[PDB]
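Chemist: Just input_15.txt, nothing more (compact mmCIF, N, CA and C atoms):
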# COMPACT_ATOMS: atom_id res chain seq x y z
N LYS A 1 -9.07 -18.53 4.36
CA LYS A 1 -8.42 -19.34 3.28
C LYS A 1 -7.58 -18.46 2.36
N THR A 2 -8.36 -17.04 1.86
CA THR A 2 -7.47 -16.29 0.95
C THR A 2 -6.28 -15.75 1.73
N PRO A 3 -5.06 -16.00 1.24
CA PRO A 3 -3.87 -15.45 1.90
C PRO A 3 -3.94 -13.93 2.01
N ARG A 4 -3.44 -13.39 3.11
CA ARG A 4 -3.40 -11.95 3.31
C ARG A 4 -2.50 -11.28 2.27
N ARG A 5 -1.40 -11.94 1.90
CA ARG A 5 -0.56 -11.49 0.79
C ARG A 5 -1.34 -11.22 -0.50
N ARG A 6 -2.27 -12.13 -0.83
CA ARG A 6 -3.11 -12.01 -2.03
C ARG A 6 -4.15 -10.90 -1.90
N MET A 7 -4.76 -10.79 -0.72
CA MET A 7 -5.65 -9.67 -0.41
C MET A 7 -4.94 -8.34 -0.60
N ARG A 8 -3.74 -8.22 -0.04
CA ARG A 8 -2.99 -6.97 -0.18
C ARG A 8 -2.66 -6.66 -1.65
N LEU A 9 -2.35 -7.70 -2.43
CA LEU A 9 -2.00 -7.52 -3.84
C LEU A 9 -3.17 -6.92 -4.61
N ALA A 10 -4.39 -7.30 -4.23
CA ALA A 10 -5.60 -6.74 -4.82
C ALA A 10 -5.73 -5.24 -4.56
N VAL A 11 -5.41 -4.80 -3.34
CA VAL A 11 -5.41 -3.37 -3.02
C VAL A 11 -4.40 -2.61 -3.87
N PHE A 12 -3.18 -3.12 -3.95
CA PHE A 12 -2.17 -2.48 -4.76
C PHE A 12 -2.58 -2.35 -6.22
N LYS A 13 -3.17 -3.40 -6.78
CA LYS A 13 -3.57 -3.41 -8.18
C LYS A 13 -4.60 -2.33 -8.45
N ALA A 14 -5.53 -2.14 -7.52
CA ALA A 14 -6.57 -1.13 -7.64
C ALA A 14 -5.98 0.28 -7.62
N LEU A 15 -4.98 0.50 -6.76
CA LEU A 15 -4.29 1.79 -6.71
C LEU A 15 -3.54 2.08 -8.01
N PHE A 16 -2.80 1.08 -8.49
CA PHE A 16 -2.06 1.12 -9.76
C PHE A 16 -2.95 1.46 -10.95
N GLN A 17 -4.01 0.69 -11.13
CA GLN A 17 -4.96 0.86 -12.24
C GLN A 17 -5.62 2.25 -12.24
N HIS A 18 -5.86 2.79 -11.05
CA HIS A 18 -6.60 4.04 -10.89
C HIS A 18 -5.84 5.26 -11.40
N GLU A 19 -4.51 5.19 -11.37
CA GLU A 19 -3.68 6.27 -11.91
C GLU A 19 -3.88 6.50 -13.41
N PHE A 20 -4.28 5.45 -14.14
CA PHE A 20 -4.57 5.56 -15.57
C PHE A 20 -6.06 5.48 -15.90
N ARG A 21 -6.91 5.47 -14.87
CA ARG A 21 -8.36 5.45 -15.04
C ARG A 21 -8.99 6.37 -14.01
N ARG A 22 -8.56 7.63 -14.03
CA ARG A 22 -9.03 8.64 -13.09
C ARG A 22 -10.45 9.12 -13.40
N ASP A 23 -11.04 8.60 -14.48
CA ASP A 23 -12.46 8.78 -14.78
C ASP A 23 -13.35 7.64 -14.25
N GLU A 24 -12.78 6.80 -13.39
CA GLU A 24 -13.52 5.72 -12.73
C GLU A 24 -13.27 5.76 -11.22
N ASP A 25 -14.19 5.16 -10.46
CA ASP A 25 -14.11 5.11 -9.00
C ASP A 25 -13.08 4.06 -8.57
N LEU A 26 -12.16 4.44 -7.69
CA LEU A 26 -11.16 3.51 -7.13
C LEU A 26 -11.81 2.28 -6.50
N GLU A 27 -12.88 2.50 -5.73
CA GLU A 27 -13.63 1.40 -5.11
C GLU A 27 -14.22 0.44 -6.15
N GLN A 28 -14.79 1.00 -7.22
CA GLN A 28 -15.37 0.19 -8.30
C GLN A 28 -14.32 -0.68 -9.00
N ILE A 29 -13.10 -0.16 -9.13
CA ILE A 29 -11.99 -0.89 -9.74
C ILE A 29 -11.57 -2.06 -8.85
N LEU A 30 -11.64 -1.85 -7.54
CA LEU A 30 -11.44 -2.91 -6.56
C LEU A 30 -12.40 -4.07 -6.80
N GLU A 31 -13.68 -3.76 -6.98
CA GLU A 31 -14.69 -4.79 -7.19
C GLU A 31 -14.41 -5.62 -8.45
N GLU A 32 -13.87 -4.97 -9.49
CA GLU A 32 -13.46 -5.65 -10.72
C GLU A 32 -12.37 -6.70 -10.46
N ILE A 33 -11.38 -6.32 -9.66
CA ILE A 33 -10.25 -7.21 -9.35
C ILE A 33 -10.66 -8.35 -8.41
N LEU A 34 -11.61 -8.08 -7.51
CA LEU A 34 -12.11 -9.08 -6.59
C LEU A 34 -13.10 -9.99 -7.29
N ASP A 35 -12.88 -11.30 -7.19
CA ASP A 35 -13.76 -12.29 -7.79
C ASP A 35 -14.05 -13.42 -6.79
N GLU A 36 -14.74 -14.47 -7.24
CA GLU A 36 -15.13 -15.59 -6.37
C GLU A 36 -14.01 -16.31 -5.60
N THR A 37 -12.76 -16.11 -6.00
CA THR A 37 -11.61 -16.77 -5.37
C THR A 37 -10.96 -15.96 -4.23
N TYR A 38 -11.68 -14.97 -3.69
CA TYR A 38 -11.09 -14.00 -2.77
C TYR A 38 -11.67 -14.00 -1.35
N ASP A 39 -12.14 -15.15 -0.86
CA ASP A 39 -12.70 -15.25 0.50
C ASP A 39 -13.76 -14.17 0.76
N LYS A 40 -14.51 -14.32 1.85
CA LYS A 40 -15.38 -13.24 2.30
C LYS A 40 -14.51 -12.22 3.03
N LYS A 41 -13.79 -12.68 4.04
CA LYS A 41 -12.90 -11.84 4.84
C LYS A 41 -11.89 -11.03 4.00
N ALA A 42 -11.33 -11.64 2.96
CA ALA A 42 -10.34 -10.95 2.12
C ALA A 42 -10.98 -9.82 1.31
N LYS A 43 -12.19 -10.04 0.80
CA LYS A 43 -12.93 -8.96 0.17
C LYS A 43 -13.17 -7.81 1.14
N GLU A 44 -13.53 -8.13 2.38
CA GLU A 44 -13.83 -7.12 3.40
C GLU A 44 -12.58 -6.33 3.79
N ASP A 45 -11.47 -7.04 3.92
CA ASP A 45 -10.17 -6.43 4.25
C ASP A 45 -9.75 -5.47 3.13
N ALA A 46 -9.87 -5.89 1.87
CA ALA A 46 -9.45 -5.06 0.74
C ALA A 46 -10.29 -3.81 0.62
N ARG A 47 -11.59 -3.94 0.87
CA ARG A 47 -12.47 -2.79 0.88
C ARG A 47 -12.08 -1.81 1.98
N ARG A 48 -11.71 -2.33 3.14
CA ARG A 48 -11.27 -1.50 4.26
C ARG A 48 -9.99 -0.75 3.93
N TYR A 49 -9.00 -1.45 3.37
CA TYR A 49 -7.76 -0.79 2.94
C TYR A 49 -8.01 0.35 1.97
N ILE A 50 -8.79 0.09 0.91
CA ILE A 50 -8.99 1.06 -0.16
C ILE A 50 -9.75 2.25 0.40
N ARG A 51 -10.78 1.98 1.19
CA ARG A 51 -11.54 3.03 1.84
C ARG A 51 -10.66 3.89 2.74
N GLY A 52 -9.80 3.25 3.52
CA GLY A 52 -8.93 3.95 4.45
C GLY A 52 -7.82 4.74 3.78
N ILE A 53 -7.34 4.27 2.63
CA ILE A 53 -6.34 5.00 1.86
C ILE A 53 -6.96 6.23 1.18
N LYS A 54 -8.09 6.02 0.51
CA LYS A 54 -8.82 7.10 -0.14
C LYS A 54 -9.10 8.24 0.83
N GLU A 55 -9.65 7.90 1.99
CA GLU A 55 -10.05 8.89 3.00
C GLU A 55 -8.87 9.59 3.67
N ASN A 56 -7.70 8.95 3.68
CA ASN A 56 -6.51 9.53 4.29
C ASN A 56 -5.41 9.87 3.29
N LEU A 57 -5.74 9.91 1.99
CA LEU A 57 -4.72 10.01 0.94
C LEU A 57 -3.89 11.27 1.08
N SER A 58 -4.56 12.40 1.35
CA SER A 58 -3.87 13.67 1.57
C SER A 58 -2.79 13.51 2.63
N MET A 59 -3.18 12.98 3.79
CA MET A 59 -2.29 12.79 4.93
C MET A 59 -1.13 11.83 4.63
N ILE A 60 -1.42 10.73 3.93
CA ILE A 60 -0.43 9.69 3.63
C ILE A 60 0.65 10.23 2.69
N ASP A 61 0.20 10.79 1.56
CA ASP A 61 1.07 11.48 0.61
C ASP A 61 1.97 12.52 1.27
N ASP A 62 1.40 13.33 2.16
CA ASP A 62 2.17 14.35 2.86
C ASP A 62 3.26 13.72 3.73
N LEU A 63 2.92 12.60 4.36
CA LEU A 63 3.85 11.86 5.22
C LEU A 63 5.01 11.31 4.40
N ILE A 64 4.70 10.62 3.31
CA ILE A 64 5.72 10.07 2.41
C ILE A 64 6.64 11.15 1.85
N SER A 65 6.07 12.31 1.50
CA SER A 65 6.82 13.42 0.90
C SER A 65 8.01 13.86 1.76
N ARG A 66 7.82 13.85 3.07
CA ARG A 66 8.84 14.29 4.03
C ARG A 66 10.10 13.42 4.02
N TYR A 67 9.96 12.16 3.62
CA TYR A 67 11.06 11.20 3.64
C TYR A 67 11.72 10.97 2.28
N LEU A 68 11.14 11.53 1.22
CA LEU A 68 11.74 11.45 -0.11
C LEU A 68 12.85 12.49 -0.25
N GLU A 69 14.08 12.02 -0.45
CA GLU A 69 15.23 12.90 -0.63
C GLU A 69 15.61 13.09 -2.10
N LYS A 70 15.26 12.11 -2.94
CA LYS A 70 15.55 12.15 -4.37
C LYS A 70 14.32 12.67 -5.12
N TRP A 71 13.63 11.81 -5.87
CA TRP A 71 12.48 12.23 -6.65
C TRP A 71 11.30 12.48 -5.72
N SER A 72 10.72 13.68 -5.80
CA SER A 72 9.48 14.01 -5.10
C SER A 72 8.38 13.00 -5.43
N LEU A 73 7.32 12.99 -4.62
CA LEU A 73 6.27 11.97 -4.71
C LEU A 73 5.63 11.88 -6.10
N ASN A 74 5.35 13.03 -6.70
CA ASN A 74 4.76 13.08 -8.05
C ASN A 74 5.66 12.53 -9.17
N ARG A 75 6.97 12.50 -8.93
CA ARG A 75 7.93 12.00 -9.92
C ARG A 75 8.24 10.50 -9.80
N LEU A 76 7.78 9.86 -8.74
CA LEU A 76 7.98 8.42 -8.59
C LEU A 76 7.14 7.68 -9.64
N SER A 77 7.54 6.46 -9.97
CA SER A 77 6.74 5.60 -10.83
C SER A 77 5.45 5.26 -10.11
N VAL A 78 4.43 4.88 -10.86
CA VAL A 78 3.13 4.55 -10.27
C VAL A 78 3.25 3.38 -9.27
N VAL A 79 4.04 2.36 -9.60
CA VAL A 79 4.29 1.25 -8.68
C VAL A 79 4.88 1.74 -7.35
N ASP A 80 5.99 2.47 -7.41
CA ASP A 80 6.68 2.92 -6.20
C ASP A 80 5.81 3.82 -5.30
N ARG A 81 5.13 4.78 -5.92
CA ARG A 81 4.28 5.71 -5.19
C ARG A 81 3.17 4.96 -4.45
N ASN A 82 2.54 4.02 -5.14
CA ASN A 82 1.41 3.30 -4.56
C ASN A 82 1.82 2.18 -3.59
N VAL A 83 3.00 1.59 -3.76
CA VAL A 83 3.53 0.68 -2.75
C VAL A 83 3.73 1.45 -1.44
N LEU A 84 4.28 2.65 -1.56
CA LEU A 84 4.52 3.48 -0.39
C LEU A 84 3.20 3.89 0.29
N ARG A 85 2.18 4.20 -0.51
CA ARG A 85 0.87 4.58 0.02
C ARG A 85 0.23 3.43 0.80
N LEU A 86 0.26 2.24 0.19
CA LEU A 86 -0.35 1.04 0.74
C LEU A 86 0.33 0.66 2.05
N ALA A 87 1.66 0.62 2.03
CA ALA A 87 2.45 0.24 3.19
C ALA A 87 2.34 1.24 4.32
N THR A 88 2.29 2.53 3.98
CA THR A 88 2.13 3.58 4.98
C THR A 88 0.79 3.47 5.70
N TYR A 89 -0.28 3.25 4.93
CA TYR A 89 -1.61 3.01 5.49
C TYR A 89 -1.59 1.85 6.48
N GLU A 90 -0.95 0.75 6.07
CA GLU A 90 -0.92 -0.47 6.86
C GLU A 90 -0.15 -0.26 8.17
N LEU A 91 1.01 0.38 8.06
CA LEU A 91 1.85 0.77 9.21
C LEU A 91 1.07 1.56 10.25
N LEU A 92 0.27 2.52 9.79
CA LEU A 92 -0.43 3.43 10.68
C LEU A 92 -1.73 2.86 11.24
N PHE A 93 -2.44 2.07 10.44
CA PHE A 93 -3.84 1.77 10.71
C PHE A 93 -4.21 0.30 10.91
N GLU A 94 -3.36 -0.64 10.51
CA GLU A 94 -3.65 -2.05 10.75
C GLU A 94 -2.82 -2.57 11.94
N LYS A 95 -3.46 -2.73 13.09
CA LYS A 95 -2.75 -2.91 14.36
C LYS A 95 -2.10 -4.28 14.56
N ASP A 96 -2.60 -5.31 13.88
CA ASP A 96 -2.13 -6.68 14.09
C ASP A 96 -0.98 -7.13 13.19
N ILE A 97 -0.43 -6.22 12.38
CA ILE A 97 0.63 -6.59 11.45
C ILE A 97 1.96 -5.98 11.86
N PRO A 98 2.94 -6.83 12.14
CA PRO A 98 4.28 -6.37 12.52
C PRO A 98 4.89 -5.48 11.45
N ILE A 99 5.71 -4.53 11.88
CA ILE A 99 6.35 -3.59 10.98
C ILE A 99 7.16 -4.28 9.89
N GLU A 100 7.97 -5.25 10.27
CA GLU A 100 8.82 -5.94 9.30
C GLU A 100 8.01 -6.73 8.29
N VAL A 101 6.83 -7.21 8.67
CA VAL A 101 5.96 -7.92 7.73
C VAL A 101 5.45 -6.93 6.69
N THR A 102 5.01 -5.76 7.14
CA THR A 102 4.54 -4.71 6.22
C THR A 102 5.60 -4.33 5.20
N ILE A 103 6.83 -4.11 5.67
CA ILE A 103 7.91 -3.63 4.82
C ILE A 103 8.37 -4.71 3.85
N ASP A 104 8.58 -5.92 4.37
CA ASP A 104 8.95 -7.06 3.53
C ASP A 104 7.94 -7.33 2.42
N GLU A 105 6.65 -7.26 2.73
CA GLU A 105 5.62 -7.48 1.72
C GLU A 105 5.55 -6.31 0.74
N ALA A 106 5.76 -5.08 1.22
CA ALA A 106 5.87 -3.93 0.33
C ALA A 106 7.02 -4.11 -0.64
N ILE A 107 8.16 -4.58 -0.13
CA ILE A 107 9.33 -4.83 -0.95
C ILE A 107 9.07 -5.83 -2.07
N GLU A 108 8.41 -6.93 -1.74
CA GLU A 108 8.13 -7.99 -2.70
C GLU A 108 7.23 -7.47 -3.83
N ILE A 109 6.27 -6.62 -3.50
CA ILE A 109 5.43 -5.99 -4.52
C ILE A 109 6.25 -5.07 -5.39
N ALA A 110 7.13 -4.29 -4.76
CA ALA A 110 8.00 -3.36 -5.47
C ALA A 110 8.96 -4.09 -6.42
N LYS A 111 9.48 -5.23 -5.98
CA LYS A 111 10.36 -6.08 -6.80
C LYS A 111 9.62 -6.74 -7.97
N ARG A 112 8.35 -7.07 -7.77
CA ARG A 112 7.57 -7.83 -8.75
C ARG A 112 7.06 -6.96 -9.90
N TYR A 113 6.69 -5.71 -9.58
CA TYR A 113 6.06 -4.81 -10.55
C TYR A 113 6.88 -3.56 -10.90
N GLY A 114 7.94 -3.28 -10.14
CA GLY A 114 8.69 -2.04 -10.30
C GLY A 114 9.95 -2.20 -11.14
N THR A 115 10.93 -1.33 -10.87
CA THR A 115 12.25 -1.40 -11.49
C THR A 115 13.17 -2.26 -10.63
N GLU A 116 14.42 -2.37 -11.04
CA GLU A 116 15.41 -3.19 -10.33
C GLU A 116 15.76 -2.65 -8.94
N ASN A 117 15.79 -1.33 -8.80
CA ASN A 117 16.14 -0.69 -7.54
C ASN A 117 14.91 -0.33 -6.68
N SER A 118 13.71 -0.67 -7.15
CA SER A 118 12.48 -0.38 -6.41
C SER A 118 12.44 -1.03 -5.03
N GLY A 119 12.86 -2.29 -4.94
CA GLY A 119 12.86 -3.02 -3.68
C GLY A 119 13.66 -2.29 -2.61
N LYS A 120 14.91 -1.98 -2.92
CA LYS A 120 15.78 -1.26 -2.00
C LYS A 120 15.27 0.14 -1.67
N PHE A 121 14.62 0.78 -2.65
CA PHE A 121 14.09 2.14 -2.51
C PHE A 121 13.00 2.20 -1.43
N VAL A 122 11.95 1.39 -1.59
CA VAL A 122 10.84 1.39 -0.63
C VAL A 122 11.27 0.89 0.75
N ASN A 123 12.19 -0.08 0.79
CA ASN A 123 12.75 -0.59 2.04
C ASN A 123 13.29 0.58 2.85
N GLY A 124 14.16 1.37 2.23
CA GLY A 124 14.79 2.51 2.87
C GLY A 124 13.82 3.54 3.42
N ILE A 125 12.78 3.87 2.66
CA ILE A 125 11.84 4.92 3.05
C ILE A 125 10.82 4.45 4.09
N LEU A 126 10.32 3.23 3.95
CA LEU A 126 9.35 2.69 4.90
C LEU A 126 9.99 2.43 6.26
N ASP A 127 11.26 2.01 6.27
CA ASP A 127 12.02 1.86 7.52
C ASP A 127 12.00 3.17 8.31
N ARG A 128 12.20 4.29 7.62
CA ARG A 128 12.18 5.61 8.26
C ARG A 128 10.78 5.98 8.77
N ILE A 129 9.76 5.79 7.93
CA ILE A 129 8.39 6.16 8.28
C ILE A 129 7.86 5.35 9.45
N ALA A 130 8.21 4.06 9.49
CA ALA A 130 7.76 3.17 10.55
C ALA A 130 8.32 3.63 11.90
N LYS A 131 9.63 3.87 11.93
CA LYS A 131 10.34 4.31 13.13
C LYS A 131 9.71 5.52 13.82
N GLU A 132 9.22 6.48 13.04
CA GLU A 132 8.74 7.75 13.57
C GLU A 132 7.21 7.93 13.60
N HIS A 133 6.46 7.06 12.93
CA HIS A 133 5.01 7.25 12.81
C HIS A 133 4.14 6.01 13.05
N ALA A 134 4.71 4.81 12.98
CA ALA A 134 3.99 3.60 13.35
C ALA A 134 3.60 3.70 14.83
N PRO A 135 2.37 3.33 15.18
CA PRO A 135 1.96 3.32 16.59
C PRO A 135 2.93 2.51 17.45
N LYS A 136 3.30 3.05 18.60
CA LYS A 136 4.38 2.49 19.43
C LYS A 136 4.09 1.07 19.89
N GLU A 137 2.81 0.74 20.04
CA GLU A 137 2.40 -0.60 20.48
C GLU A 137 2.77 -1.66 19.45
N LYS A 138 2.82 -1.27 18.17
CA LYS A 138 3.21 -2.17 17.09
C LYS A 138 4.65 -2.68 17.21
N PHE A 139 5.50 -1.97 17.95
CA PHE A 139 6.87 -2.43 18.17
C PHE A 139 6.97 -3.66 19.09
N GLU A 140 5.86 -4.09 19.68
CA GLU A 140 5.78 -5.34 20.44
C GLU A 140 5.66 -6.58 19.53
N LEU A 141 5.17 -6.37 18.31
CA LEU A 141 4.81 -7.46 17.40
C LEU A 141 5.99 -8.03 16.61
Please go through the file and, once you have read it, give me the structure as structure tokens.
Modeler:
Amino acid sequence: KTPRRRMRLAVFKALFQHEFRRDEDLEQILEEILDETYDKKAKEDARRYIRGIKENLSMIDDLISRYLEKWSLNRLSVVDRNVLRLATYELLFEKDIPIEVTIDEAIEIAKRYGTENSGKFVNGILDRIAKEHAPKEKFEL
């Protein structure tokens, strides 16, 4: 019932909030955002995303860094950096989601919470990362 779009938005919010609450657990912040309106499956999916990003954060950040030509990863806004983290995780690790769905949904988050040029920014970089690092089987979807 909970839309996957809404589940994903919960993951992004937890990443965003954590940048200004580094004295709290990222997972615990997820539980705060998740409430009775979030399906069973959607809670499980969000926990999987956050767990998978946390455990692979070093690798994901390093991957994104290679494709940034302007502001390095640490200089991006919190929205842009974490949209890229979330979308990169999804591209690499969630097998049932088409590449264009991942990027389009990343863009909409970037447009909703970021600056005016955030949408175009993440579009450009995720297009590159998908082409060279998304599992090849995902190009069937």
Chemist: So which one's closest to residue 60 (chain A), A:74, A:123, A:88, A:37? Using all atoms listed in the file, please.
Modeler: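 Selected residue with least distance to residue 60 (chain A): A:88.
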Chemist: So, counting only C-alpha atoms, which residue among A:122, A:91, A:107, A:78 is closest to residue 136 (chain A)?
Modeler: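 Residue with the minimum atom-to-atom distance to residue 136 (chain A): A:91.
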Chemist: May I ask which of the residues A:125, A:30, A:72, A:77 is the closest one to residue 47 (chain A), counting all atoms listed in the file?
Modeler: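 Going through A:125, A:30, A:72, A:77 one by one, the smallest distance to residue 47 (chain A) is for A:30.
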Chemist: In Å, rounded to a single decimal, give me how far atom N of residue 85 (chain A) is from atom N of residue 15 (chain A).
Modeler: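 One can read the atom N of residue 15 (chain A) to atom N of residue 85 (chain A) distance as 10.2 Å.
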Chemist: Quick check, in Å to one decimal: how far apart do CA of residue 140 (chain A) and CA of residue 99 (chain A) lie?
Modeler: 9.6 Å
Chemist: What's the separation between CA of residue 126 (chain A) and CA of residue 22 (chain A), in Å to one decimal place?
Modeler: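 We find that CA of residue 126 (chain A) and CA of residue 22 (chain A) lie 26.4 Å from each other.
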Chemist: What's the 9 Å shell around residue 81 (chain A), counting only C-alpha atoms, without same-chain residues fewer than 6 positions away, as a PDB file with N, CA and C atoms, in the frame of the given file?
Modeler:
ATOM      1  N   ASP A  61       0.200  10.790   1.560  1.00  0.00           N
ATOM      2  CA  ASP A  61       1.070  11.480   0.610  1.00  0.00           C
ATOM      3  C   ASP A  61       1.970  12.520   1.270  1.00  0.00           C
ATOM      4  N   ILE A  64       4.700  10.620   3.310  1.00  0.00           N
ATOM      5  CA  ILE A  64       5.720  10.070   2.410  1.00  0.00           C
ATOM      6  C   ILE A  64       6.640  11.150   1.850  1.00  0.00           C
ATOM      7  N   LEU A  73       7.320  12.990  -4.620  1.00  0.00           N
ATOM      8  CA  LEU A  73       6.270  11.970  -4.710  1.00  0.00           C
ATOM      9  C   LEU A  73       5.630  11.880  -6.100  1.00  0.00           C
ATOM     10  N   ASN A  74       5.350  13.030  -6.700  1.00  0.00           N
ATOM     11  CA  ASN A  74       4.760  13.080  -8.050  1.00  0.00           C
ATOM     12  C   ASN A  74       5.660  12.530  -9.170  1.00  0.00           C
ATOM     13  N   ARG A  75       6.970  12.500  -8.930  1.00  0.00           N
ATOM     14  CA  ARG A  75       7.930  12.000  -9.920  1.00  0.00           C
ATOM     15  C   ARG A  75       8.240  10.500  -9.800  1.00  0.00           C
TER      16      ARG A  75
END
Chemist: Hey, which of A:133, A:97, A:127, A:8 ends up closest to residue 45 (chain A)? Count all atoms listed in the file.
Modeler: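 For residue 45 (chain A), the nearest of the candidates is A:8.
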Chemist: Box along x, y and z, 6 Å on every side, all listed atoms of region 10-18 of chain A inside: centre and edge lengths in Å to one decimal, as JSON.
Modeler:
{"center_x": -4.3, "center_y": -1.0, "center_z": -7.6, "size_x": 16.5, "size_y": 24.6, "size_z": 21.2}
Chemist: Counting only C-alpha atoms, which of A:121, A:87, A:33, A:2 gets nearest to residue 70 (chain A)?
Modeler: A:121
Chemist: Would you pick out the contacts of residue 26 (chain A) at 7 Å or less, using only N, CA and C atoms, so that residues sharing its chain but fewer than 5 positions from it are not included, and give the list as number ranges by chain?
Modeler: A: 14-15, 18, 31
Chemist: Please determine, counting only N, CA and C atoms, which residue among A:76, A:7, A:63, A:83 has the shortest atom-to-atom distance to residue 46 (chain A).
Modeler: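 For residue 46 (chain A), the nearest of the candidates is A:7.
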